[PDB]
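First the structure, in the form of structure tokens, and then the observations on it.
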Amino acid sequence: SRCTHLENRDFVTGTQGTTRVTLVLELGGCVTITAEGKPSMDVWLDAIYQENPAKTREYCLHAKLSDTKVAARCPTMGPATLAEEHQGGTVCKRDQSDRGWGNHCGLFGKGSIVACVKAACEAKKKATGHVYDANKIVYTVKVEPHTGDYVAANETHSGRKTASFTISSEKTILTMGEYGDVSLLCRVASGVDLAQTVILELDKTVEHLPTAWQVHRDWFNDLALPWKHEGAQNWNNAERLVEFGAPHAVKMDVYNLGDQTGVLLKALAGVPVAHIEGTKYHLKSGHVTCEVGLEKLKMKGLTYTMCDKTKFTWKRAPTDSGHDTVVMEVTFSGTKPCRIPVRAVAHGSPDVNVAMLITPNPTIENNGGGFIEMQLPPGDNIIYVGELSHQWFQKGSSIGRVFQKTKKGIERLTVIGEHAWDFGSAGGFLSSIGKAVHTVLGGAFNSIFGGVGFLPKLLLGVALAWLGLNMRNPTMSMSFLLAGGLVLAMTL
Amino acid sequence: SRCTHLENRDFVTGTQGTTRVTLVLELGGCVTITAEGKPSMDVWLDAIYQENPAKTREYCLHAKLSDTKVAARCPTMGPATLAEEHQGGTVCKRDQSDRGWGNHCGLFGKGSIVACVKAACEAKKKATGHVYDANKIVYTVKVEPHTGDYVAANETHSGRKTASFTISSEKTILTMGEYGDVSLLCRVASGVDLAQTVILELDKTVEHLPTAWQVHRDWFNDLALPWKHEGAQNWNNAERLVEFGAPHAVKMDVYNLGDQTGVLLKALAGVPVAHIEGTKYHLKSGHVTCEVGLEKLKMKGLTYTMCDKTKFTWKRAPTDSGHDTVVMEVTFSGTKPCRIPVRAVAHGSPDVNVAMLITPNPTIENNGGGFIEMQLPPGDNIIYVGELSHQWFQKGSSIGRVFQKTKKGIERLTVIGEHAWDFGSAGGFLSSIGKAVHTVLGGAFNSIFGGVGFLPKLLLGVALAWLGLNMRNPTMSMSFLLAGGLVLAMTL
Amino acid sequence: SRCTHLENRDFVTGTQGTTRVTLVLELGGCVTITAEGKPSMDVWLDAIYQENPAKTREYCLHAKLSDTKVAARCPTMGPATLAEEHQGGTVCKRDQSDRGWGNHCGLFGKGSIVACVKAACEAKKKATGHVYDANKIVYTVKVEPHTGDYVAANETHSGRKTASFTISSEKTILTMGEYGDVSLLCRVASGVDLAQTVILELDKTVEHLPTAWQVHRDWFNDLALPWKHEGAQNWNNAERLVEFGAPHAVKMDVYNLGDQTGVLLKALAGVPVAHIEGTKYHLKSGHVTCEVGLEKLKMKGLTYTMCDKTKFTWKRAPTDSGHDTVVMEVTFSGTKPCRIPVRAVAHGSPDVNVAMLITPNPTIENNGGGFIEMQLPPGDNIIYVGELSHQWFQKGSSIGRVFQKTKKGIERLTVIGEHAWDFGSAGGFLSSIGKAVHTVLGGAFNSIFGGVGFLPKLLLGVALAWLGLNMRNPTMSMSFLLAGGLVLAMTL
Amino acid sequence: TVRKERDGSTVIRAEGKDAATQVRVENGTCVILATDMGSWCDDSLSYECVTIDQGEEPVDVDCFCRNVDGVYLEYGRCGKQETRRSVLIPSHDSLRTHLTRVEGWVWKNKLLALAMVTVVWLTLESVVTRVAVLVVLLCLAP
Amino acid sequence: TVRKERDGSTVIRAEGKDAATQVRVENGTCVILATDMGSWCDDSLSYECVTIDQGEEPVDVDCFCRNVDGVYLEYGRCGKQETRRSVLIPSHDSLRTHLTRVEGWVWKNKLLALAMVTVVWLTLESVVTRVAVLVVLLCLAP
Amino acid sequence: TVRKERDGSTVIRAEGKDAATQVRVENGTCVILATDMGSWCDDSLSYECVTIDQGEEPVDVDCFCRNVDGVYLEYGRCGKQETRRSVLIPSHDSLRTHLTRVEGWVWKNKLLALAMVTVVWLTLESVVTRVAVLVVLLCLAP
Ligand SMILES: *[C@@H]1O[C@H](CO)[C@@H](O)[C@H](O)[C@H]1NC(C)=O
Ligand SMILES: *[C@@H]1O[C@H](CO)[C@@H](O)[C@H](O)[C@H]1NC(C)=O
Ligand SMILES: *[C@@H]1O[C@H](CO)[C@@H](O)[C@H](O)[C@H]1NC(C)=O
């Protein structure tokens with residue numbers, strides 16, 4: 001499982017008789033779906049990207065002059081003109097210059113002089129800019145099933161499947177070989193203000209690293225440099241990269257300010273570098289709110305028998321997985337394929353099944369298997385794998401687990417509630433209340449009523465309501481509220 | 001007199017049996033002084049000026065470069081040094097030049113270059129800036145004695161006299177010749193802060209106009225041009241009028257920004273043109289508050305006999321002068337000199353004199369004479385000079401005259417309030433209060449009290465005091481205060 | 001006598017019947033040990049110095065470059081290397097350099113180049129430092145007797161002696177000639193943070209001054225210059241006086257920053273030159289808390305004859321010394337040797353003298369003799385010497401003297417704080433308390449109480465104790481503390 | 001080096017080695033004077049070459065010819081070792097911060113926080129709702 | 001024109017007509033490519049004239065002399081017609097302001113205005129003269 | 001001067017007068033262009049003198065030799081008229097001190113000075129101990 005490595009891993013449990021489960025997915029985070037009687041999946045957001053974003057405006061730094069010219073006429077003999085004065089891609093300035101005996105003009109006046117030059121800036125020195133298109137952003141969600149095969153932190157499970165998600169496309173169903181189909185139906189978003197973020201990338205270069213940034217629009221839109229739009233030959237306001245010298249009679253020089261790559265790079269020090277891969281422009285924010293339909297899954301390898309209980313050896317001893325769960329790799333030697341009889345018993349009760357398996361029906365296939373992940377109650381206990389037996393104690397302390405589940409539920413409600421608010425009518429209000437209650441206390445209700453069942457839960461709710469109906473102080477009325485809450489969670 | 005042709009005229013007349021009167025003199029505003037049994041005099045602040053004001057700072061507008069040199073060295077051979085670099089009054093810069101293959105430098109790179117030029121800007125182009133000094137200002141106040149001769153606005157009376165008045169000088173005596181002497185005790189004061197205005201003067205060239213201005217101190221002190229204080233030849237901050245061209249391999253040209261008087265003229269359009277002539281710099285904001293003494297003057301020609309009864313004719317018919325007075329010119333054909341007989345009566349009351357001549361004891365001289373100025377009560381107005389009869393009807397009311405005189409006196413006391421009140425001690429405060437009260441109530445006392453005498457005025461004051469002491473509400477204190485003020489005015 | 005010309009003078013009087021005196025010495029201060037029937041010594045610290053302090057580290061201000069080498073290799077040949085790169089005593093930097101078709105290296109790009117030169121600095125330019133050692137310091141205190149000859153403000157004294165003191169050695173004995181033996185057991189304390197002072201001594205220069213300095217250890221330990229400890233051939237961190245030129249293909253010059261002594265001198269303006277005397281290094285702040293012995297001092301000339309009262313004449317009139325003392329000198333030219341029957345009688349009390357002689361039994365010797373210093377009570381007094389007479393009065397009051405003595409005692413006890421008391425044992429604490437009380441109240445007891453005797457002291461103590469136990473206010477029992485203090489002072 | 005174009009004018013084509021020389025054209029003499037030339041390439045500057053009378057010297061020019069009309073210069077600027085001014089490019093849990101901000105405000109607003117706490121504890125009478133009131137009182141400051 | 005300084009360095013004091021000439025100095029000869037000369041006066045430029053080998057040509061130089069050492073060209077820049085830019089020097093309701101100034105003082109001192117109003121309201125108790133008191137208070141902050 | 005070291009590499013010991021001349025080594029020749037040489041000393045800057053073919057002119061090279069391989073230059077630097085710089089060397093009763101600071105603190109808190117009395121004279125009413133309390137309060141402020 002690729003989720004046995006990430007620092008943050010949210011647990012979501014499939015309640016008994018449940019076929020739908022909501023989710024919240026964010027970058028660098030995965031949620032291990034687990035449901036009773038069904039295989040456990042892994043769901044996470046691989047990466048968010050856009051492809052071939054639109055180009056809005058490309059500044060260029062190193063201006064390249066060419067074919068400059070001047071022209072002047074004797075004083076009081078009409079202004080001077082130039083064939084290149086009125087054409088495009090030019091930067092022309094007018095001025096007056098002294099004159100006298102050495103200029104072959106009679107009177108000691110001051111005539112007109114004109115000087116200007118083509119301005120098309122140097123190639124491979126442009127600073128293009130792109131802006132994301134909100135509706136075209138593509139979100140990638142990849143779902144992996146649980147198999148007994150151990151997976152390294154940087155290895156790809158063969159069964160990994162991918163899925164694309166945009167604003168328009170909503171519902172898509174995947175296939176996972178023999179396990180079945182997972183119905184993904186997600187709604188997307190993007191926290192970063194796409195209107196206030198323009199990606200700036202200067203033309204490809206080997207020495208210059210990095211070659212991309214994310215900058216505020218109100219800054220990239222007011223750079224004191226020449227600027228054009230893609231598909232235009234001439235450059236607007238090219239005069240910002242040419243300095244005209246003083247006139248000497250007939251000639252006035254047109255200088256060049258050189259490239260500006262140094263100044264631009266200096267001005268962008270300490271700014272994030274946007275991830276780029278070929279034609280894919282990645283992002284770094286946003287989250288996907290989604291629901292998964294487990295209805296179409298089938299548990300794998302259920303026809304196999306059970307191997308003998310004396311042919312097992314540890315290859316990776318039990319260790320803390322960082323999320324209050326255990327992981328162990330066991331290698332078999334007898335006939336294959338078959339199931340893996342694994343059980344755990346609390347110290348002092350050596351004849352009760354206590355393990356909460358995460359891997360679905362751990363099995364050994366023709367070639368592959370033996371990775372088992374489990375959750376155990378607080379305190380010491382013994383893990384049984386056939387003949388083998390290992391000692392272990394859990395640090396969770398139950399109450400901490402319940403509190404952490406409540407905190408995670410509150411966080412999920414805060415993150416996802418911004419969009420899941422229905423108040424259209426009485427039905428809408430009821431749906432919103434039910435969704436809030438579920439997203440808040442589903443884990444609490446499941447843990448509180450573990451294996452009790454529907455009829456036992458209804459009986460408990462009825463007893464609590466009857467107790468609440470008894471007359472008492474106003475604070476004592478909370479018994480009815482608790483009974484109703486339990487009934488709704490045990491009946492909805 | 002000269003003051004018959006001016007708008008701002010004030011009849012500051014001392015009380016009956018008075019020997020001195022306080023004056024306020026504002027440039028352009030005459031004053032007429034009269035006193036029973038004495039000749040009348042006219043005074044006015046002719047002009048305020050300072051001569052040879054101190055000069056604070058000098059700017060120049062045309063640099064005069066000369067002896068410019070240049071030196072260079074190949075790369076990796078140290079900097080370039082010139083003797084002129086460490087001298088005084090030199091402008092120069094250190095740069096680098098692109099030495100290489102064609103300049104016979106073995107190693108390609110940048111080499112030092114220095115171009116240093118002696119800078120001492122031209123003559124007849126300094127923009128000298130003078131600063132006014134309060135202490136050394138000198139005022140001039142003419143004194144024109146009334147006679148029988150009409151004077152045009154342009155013509156100057158032959159008997160006119162002049163005097164000087166500095167802040168330090170306090171007492172001066174003038175000689176009127178035949179008319180006696182006048183004692184002036186003038187206190188000078190400048191009504192504006194002169195430290196915040198500096199007169200800017202280009203070097204004296206009469207090619208165009210103007211070549212002098214008054215400018216705000218800050219603006220003249222924040223001019224972007226070379227500036228030197230008097231005495232140190234080296235021009236501080238001389239770089240402002242020199243620019244260095246781009247450096248070639250071994251040659252670095254040093255241009256000159258050229259003349260800059262034109263821009264300074266273009267930047268001073270609409271600024272008042274400072275009015276100066278010779279070595280005197282005039283002003284436009286000032287006033288001298290003087291105390292004229294009228295004790296040594298003697299009326300002229302008191303022994304002259306009556307003129308002819310029938311040999312009197314009107315050179316110029318009586319007309320208003322816009323100053324609540326009437327002008328009148330006559331000729332003569334009988335024996336001269338002789339005193340002019342003049343009188344005025346009221347129709348229906350042909351035995352009452354209402355002629356209060358402004359000119360004292362009009363007389364006919366062998367050369368000149370016959371001018372008459374006087375004021376008549378509103379209503380019936382008849383003139384009896386010899387046998388000539390003229391019909392006049394002056395507008396206004398005596399109440400109007402009293403109100404106008406009171407308003408003018410209050411305004412005059414407001415202008416000289418700085419020196420019209422002394423708070424150094426108690427006796428000085430009492431003296432200042434008494435002087436202010438006298439100034440305010442002089443017109444009222446003179447108009448209301450005519451020929452009253454000591455006994456009638458004393459009886460009226462006693463009656464007013466008794467009225468103040470009479471039984472009445474506390475609001476009657478105004479009557480008692482008025483009685484006290486009238487008594488005080490009569491006493492002085 | 002000698003230190004009568006000094007400013008910071010103190011008087012320490014030993015109680016009758018006592019054979020020792022505690023004392024404190026500091027720079028620029030004197031002391032006048034005085035005891036009944038014993039010669040009055042003078043003690044005053046002369047100078048504190050160390051012999052050849054251990055030099056710590058040396059900065060040399062002019063690196064004499066020599067034997068510089070260069071080598072380079074163009075790209076596709078690996079980084080350049082040189083033999084002297086890893087040799088000691090050499091410094092160098094590796095940098096890129098340009099290449100091309102012009103210098104035999106076909107491929108373009110930046111190569112590698114190294115240029116290493118030996119670093120050493122010639123003599124006469126080492127700014128070697130120095131640091132003091134706490135134990136090695138030597139303190140010298142000079143003790144001289146009182147002879148009746150006046151001594152100039154700079155002339156020496158034949159009879160004076162000297163002694164050296166350090167933390168290691170404590171006790172010692174002197175011999176003044178015919179006067180006796182003075183034993184000093186001084187324990188010294190270094191009064192400065194010697195750990196934070198160092199002498200930055202420029203090497204010898206005959207004409208240029210100065211050479212020595214004192215600088216805070218942190219500054220001298222932070223100078224940005226090459227440094228090494230004596231006995232090290234290399235120059236650690238020698239890159240501070242070498243700047244490398246630009247990389248020109250293969251050449252890379254290694255310039256020299258030149259002499260730095262000018263900058264160092266410019267950076268030590270207004271720093272006190274450290275006194276140097278031969279091989280002795282002088283401190284400037286410190287003190288000695290010494291104990292003076294007086295067991296075997298003998299006064300001289302007790303059984304001389306008496307000069308005839310008539311034959312006497314003055315040489316210097318009495319004058320105010322400056323420490324509430326009267327300095328007088330006489331010269332006699334008759335039969336010798338003898339005694340001077342000095343006496344001063346308070347006005348109105350011709351029989352009672354109130355002059356206590358600082359000079360022990362003033363005497364006329366073959367050489368010298370005649371200088372007499374006296375301390376007298378305030379008021380009008382007549383000084384009698386044989387038949388000579390003079391009229392003299394003092395300033396201040398006896399209360400002033402008591403207050404000054406108390407203040408001096410407080411100051412003396414304050415400066416010996418580090419070694420004034422100890423609580424290791426009860427007896428030691430009691431002894432320290434007694435010593436402190438004696439130090440603080442000895443002058444007060446001596447001035448207030450003189451020659452009373454054991455019986456008067458016992459009677460006073462008994463009477464004061466009885467008064468304390470008598471009726472009084474509950475908080476008005478300060479008489480008890482006063483009696484206790486008086487008894488403790490008079491106990492010895 | 002000398003080409004006669006089809007427009008009725010002659011263009012002198014110069015290399016770096018040709019600086020400060022005299023090249024004959026048609027019937028006159030052109031004396032190239034510009035000195036910043038280089039090996040020919042795309043970057044070619046071509047400016048009018050002045051023509052002057054017999055007795056007039058040139059000023060403020062670097063290409064003049066005599067008794068020949070309509071001459072243009074042209075030379076590349078590549079190969080020569082290489083105003084390089086550069087343009088100016090300016091550079092560039094949820095409630096935990098709120099709780100942190102509240103704690104910082106309390107720490108740096110000790111007086112106001114103490115006053116509010118004292119007011120609450122002296123006029124609350126709402127121990128049940130005291131926490132509710134204090135929460136708003138403390139969180140109000142922003 | 002040619003000279004000889006005391007330090008052993010020649011001085012080719014050129015003039016307007018020497019442009020594009022070939023002056024002969026000592027054992028060698030050399031030229032003057034400068035093209036902005038004029039007459040001679042105080043305004044005299046004097047820069048080093050490079051010396052180059054036979055197998056070389058100048059690059060961005062105005063004077064170069066071969067087979068001679070230490071040649072300093074020197075020419076006067078005056079004697080011709082006028083590069084120059086002028087420096088920038090700056091050029092040189094009776095009750096309207098009072099109401100605006102008072103309103104500004106009140107707005108920037110709303111506490112002062114409130115205190116002034118409350119004074120008349122409570123302590124002064126001068127409703128009849130409250131208008132006068134308020135007017136005086138407003139005039140107290142012109 | 002030339003000499004072949006034991007390693008098989010030749011070294012040229014140039015002198016001050018050898019500037020811009022030729023030196024013949026083995027069968028090839030060397031060219032010296034350095035203009036910073038001088039008499040021999042310990043200040044010897046010996047660096048590689050790259051050798052090139054006959055088809056390319058030297059670039060950015062002071063010494064170059066043709067028809068020879070492995071030749072090093074070396075020369076002294078004394079006897080030559082002179083670049084310097086300078087490194088940065090930074091430039092180098094008790095009761096009254098407390099009493100002065102206390103007086104300053106009192107004078108800078110006139111309102112606090114009044115409040116001190118307004119509090120002591122009312123709350124303390126223990127002048128004998130109120131003096132000590134006020135002294136402690138005044139000394140509390142640093
Ligand atoms: C996974 O990574 C390790 C070390 O990074 C490497 O040795 C191993 O080969 C990688 N996995 C595979 C399948 O190569
Ligand atoms: C003064 O002006 C009048 C009229 O303008 C003229 O007739 C007369 O001649 C003038 N007199 C003088 C002295 O200018
Ligand atoms: C110093 O001593 C000498 C003789 O040793 C003496 O002549 C001189 O007067 C002394 N100095 C003073 C200031 O008295």
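Identifiers in this document derive from the order of the structure tokens: chains are assigned A, B, ..., residues are numbered from 1 separately in each chain, and ligands are numbered from 1 in order of occurrence.
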Tell me, counting only C-alpha atoms and all ligand atoms, for each residue of chain C within 9 Å of ligand 3, which pair of atoms is nearest and how far apart they are in Å to one decimal, in rows ordered by chain and increasing number, as a tab-separated table.
residue	atom	partner	partner_atom_place_in_ligand_line	distance
C:152	CA	ligand 3	14 (O)	6.1
C:153	CA	ligand 3	14 (O)	5.9
C:154	CA	ligand 3	1 (C)	5.0
C:155	CA	ligand 3	5 (O)	5.4
C:156	CA	ligand 3	5 (O)	8.1
Within 8 Å of region 293-308 of chain A, counting only C-alpha atoms, which residues show up once you throw out same-chain ones fewer than 5 positions away? Write them as a ChimeraX atom specification, please. /A:19-21,37-39,178-184,334-335,337-341,360-361,363,386
Excluding same-chain residues fewer than 4 positions from residue 2 (chain D), what lies within 8 Å of it counting only C-alpha atoms, as a PDB file with C-alpha atoms, in the first residue's frame?
ATOM      1  CA  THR D  10      27.369  56.878 -53.248  1.00  0.00           C
ATOM      2  CA  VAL D  11      27.745  55.088 -49.904  1.00  0.00           C
ATOM      3  CA  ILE D  12      31.190  54.649 -48.345  1.00  0.00           C
ATOM      4  CA  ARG D  13      31.483  51.366 -46.444  1.00  0.00           C
ATOM      5  CA  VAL D  25      35.106  58.786 -54.609  1.00  0.00           C
TER       6      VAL D  25
END
Write down, as a list in words, each residue of chain D that has any atom within 6 Å of an atom of chain A, counting only C-alpha atoms.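 So the residues of chain D near chain A are residues 42, 43, 44, 45, 46, 47, 52, 57, 58, 59, 60, 84, 85 and 91 of chain D.
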Can I have chain D aligned to chain E? Use a least-squares fit on all Cα atoms paired in order and write it out as a CSV table (one decimal) with C-alpha atoms, in the first residue's frame.
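result.csv, written as the output of this step:
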chain,number,residue,atom,x,y,z
D,1,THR,CA,50.4,76.3,-36.0
D,2,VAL,CA,53.6,74.8,-34.6
D,3,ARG,CA,55.4,76.5,-31.7
D,4,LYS,CA,58.5,75.3,-29.9
D,5,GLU,CA,58.1,76.2,-26.2
D,6,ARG,CA,61.0,77.0,-23.9
D,7,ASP,CA,60.2,74.0,-21.6
D,8,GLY,CA,61.5,71.4,-24.1
D,9,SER,CA,58.2,70.5,-25.8
D,10,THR,CA,56.3,71.4,-28.9
D,11,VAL,CA,52.6,72.5,-28.9
D,12,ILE,CA,50.5,72.1,-32.0
D,13,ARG,CA,48.0,75.0,-32.4
D,14,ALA,CA,45.0,73.9,-34.5
D,15,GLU,CA,41.9,75.6,-35.8
D,16,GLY,CA,38.6,74.2,-37.0
D,17,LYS,CA,39.8,73.7,-40.6
D,18,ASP,CA,42.7,71.6,-39.4
D,19,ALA,CA,40.7,68.6,-38.3
D,20,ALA,CA,41.8,65.2,-39.7
D,21,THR,CA,45.1,66.3,-41.2
D,22,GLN,CA,48.8,65.5,-41.0
D,23,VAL,CA,51.1,68.2,-39.7
D,24,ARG,CA,54.9,67.9,-39.7
D,25,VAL,CA,56.8,68.6,-36.5
D,26,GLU,CA,60.5,68.4,-35.9
D,27,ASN,CA,61.4,65.0,-37.5
D,28,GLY,CA,58.1,63.1,-37.0
D,29,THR,CA,54.5,63.3,-38.2
D,30,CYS,CA,51.6,64.4,-36.0
D,31,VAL,CA,48.2,63.5,-37.4
D,32,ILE,CA,45.5,65.6,-35.7
D,33,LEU,CA,42.4,63.4,-35.3
D,34,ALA,CA,40.1,65.4,-32.9
D,35,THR,CA,37.1,66.8,-34.7
D,36,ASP,CA,35.3,69.1,-32.3
D,37,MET,CA,37.8,72.0,-32.7
D,38,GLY,CA,36.9,75.7,-33.4
D,39,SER,CA,38.3,79.2,-33.8
D,40,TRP,CA,40.9,80.1,-31.2
D,41,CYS,CA,39.8,82.0,-28.1
D,42,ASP,CA,40.4,82.0,-24.4
D,43,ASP,CA,38.6,78.7,-24.0
D,44,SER,CA,41.6,76.5,-25.1
D,45,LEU,CA,42.0,72.8,-24.2
D,46,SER,CA,45.5,71.3,-24.5
D,47,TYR,CA,46.1,67.6,-23.9
D,48,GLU,CA,49.1,65.4,-24.3
D,49,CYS,CA,49.6,64.0,-27.7
D,50,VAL,CA,50.6,60.3,-27.5
D,51,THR,CA,53.7,58.9,-29.3
D,52,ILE,CA,53.5,55.3,-30.6
D,53,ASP,CA,56.0,52.8,-32.1
D,54,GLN,CA,56.2,51.9,-35.8
D,55,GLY,CA,54.0,48.9,-35.7
D,56,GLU,CA,51.3,49.9,-33.2
D,57,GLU,CA,48.0,51.5,-34.1
D,58,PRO,CA,46.3,54.1,-31.9
D,59,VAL,CA,43.3,53.2,-29.7
D,60,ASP,CA,41.1,55.6,-27.6
D,61,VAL,CA,43.1,58.7,-28.6
D,62,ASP,CA,42.7,61.5,-31.1
D,63,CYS,CA,46.3,62.8,-31.4
D,64,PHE,CA,49.3,60.6,-32.0
D,65,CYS,CA,52.7,61.3,-33.5
D,66,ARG,CA,55.6,59.0,-34.7
D,67,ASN,CA,59.3,59.2,-33.9
D,68,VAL,CA,58.9,62.5,-32.1
D,69,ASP,CA,58.7,63.0,-28.3
D,70,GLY,CA,56.9,65.6,-26.2
D,71,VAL,CA,54.1,67.0,-28.4
D,72,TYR,CA,51.0,68.7,-27.0
D,73,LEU,CA,47.8,69.8,-28.7
D,74,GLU,CA,45.9,73.0,-28.2
D,75,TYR,CA,42.7,74.4,-29.8
D,76,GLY,CA,40.0,76.9,-28.9
D,77,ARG,CA,36.3,76.3,-28.6
D,78,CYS,CA,34.7,79.6,-29.7
D,79,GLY,CA,32.6,80.4,-32.8
D,80,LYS,CA,31.4,76.8,-32.9
D,81,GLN,CA,27.6,76.7,-32.6
D,82,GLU,CA,26.4,76.2,-29.1
D,83,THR,CA,25.9,69.8,-22.0
D,84,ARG,CA,23.6,72.7,-21.1
D,85,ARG,CA,22.1,71.3,-18.0
D,86,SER,CA,20.5,73.9,-15.6
D,87,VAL,CA,20.7,73.9,-11.8
D,88,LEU,CA,17.6,73.6,-9.6
D,89,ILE,CA,16.6,77.0,-8.0
D,90,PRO,CA,13.5,76.6,-5.8
D,91,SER,CA,11.0,79.4,-6.1
D,92,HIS,CA,9.2,81.2,-3.3
D,93,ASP,CA,-8.0,92.8,10.5
D,94,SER,CA,-5.9,91.4,13.3
D,95,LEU,CA,-9.0,89.9,15.0
D,96,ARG,CA,-10.9,89.7,11.8
D,97,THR,CA,-9.1,86.5,10.9
D,98,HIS,CA,-9.7,85.3,14.4
D,99,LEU,CA,-13.4,86.1,14.1
D,100,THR,CA,-13.4,84.5,10.7
D,101,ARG,CA,-11.7,81.4,12.1
D,102,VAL,CA,-14.3,81.2,14.9
D,103,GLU,CA,-17.1,81.5,12.4
D,104,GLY,CA,-15.6,78.8,10.3
D,105,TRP,CA,-15.1,76.5,13.2
D,106,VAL,CA,-18.7,77.0,14.3
D,107,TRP,CA,-20.0,76.3,10.7
D,108,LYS,CA,-17.9,73.2,10.4
D,109,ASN,CA,-18.4,72.1,14.1
D,110,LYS,CA,-22.2,72.4,14.3
D,111,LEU,CA,-22.5,69.4,16.6
D,112,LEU,CA,-19.9,70.6,19.2
D,113,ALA,CA,-21.1,74.2,19.1
D,114,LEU,CA,-24.7,73.2,19.6
D,115,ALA,CA,-23.7,70.9,22.5
D,116,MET,CA,-21.8,73.8,24.1
D,117,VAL,CA,-24.7,76.2,23.6
D,118,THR,CA,-27.2,73.7,25.0
D,119,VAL,CA,-25.0,73.0,28.1
D,120,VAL,CA,-24.6,76.8,28.7
D,121,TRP,CA,-28.4,77.5,28.3
D,122,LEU,CA,-29.4,74.5,30.4
D,123,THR,CA,-26.9,74.9,33.3
D,124,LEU,CA,-25.8,78.6,33.3
D,125,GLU,CA,-28.2,80.4,35.6
D,126,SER,CA,-25.9,83.3,34.7
D,127,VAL,CA,-27.7,85.4,32.1
D,128,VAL,CA,-25.6,88.3,33.3
D,129,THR,CA,-22.4,86.3,32.8
D,130,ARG,CA,-23.9,84.0,30.1
D,131,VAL,CA,-22.3,86.1,27.4
D,132,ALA,CA,-18.9,86.0,29.2
D,133,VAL,CA,-19.0,82.3,29.6
D,134,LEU,CA,-20.1,81.7,26.0
D,135,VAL,CA,-17.3,83.9,24.6
D,136,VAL,CA,-14.6,81.8,26.2
D,137,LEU,CA,-16.5,78.6,25.3
D,138,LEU,CA,-16.6,79.5,21.6
D,139,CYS,CA,-13.1,81.0,21.3
D,140,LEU,CA,-11.4,78.1,23.1
D,141,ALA,CA,-11.4,75.9,20.0
D,142,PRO,CA,-8.3,76.7,17.9
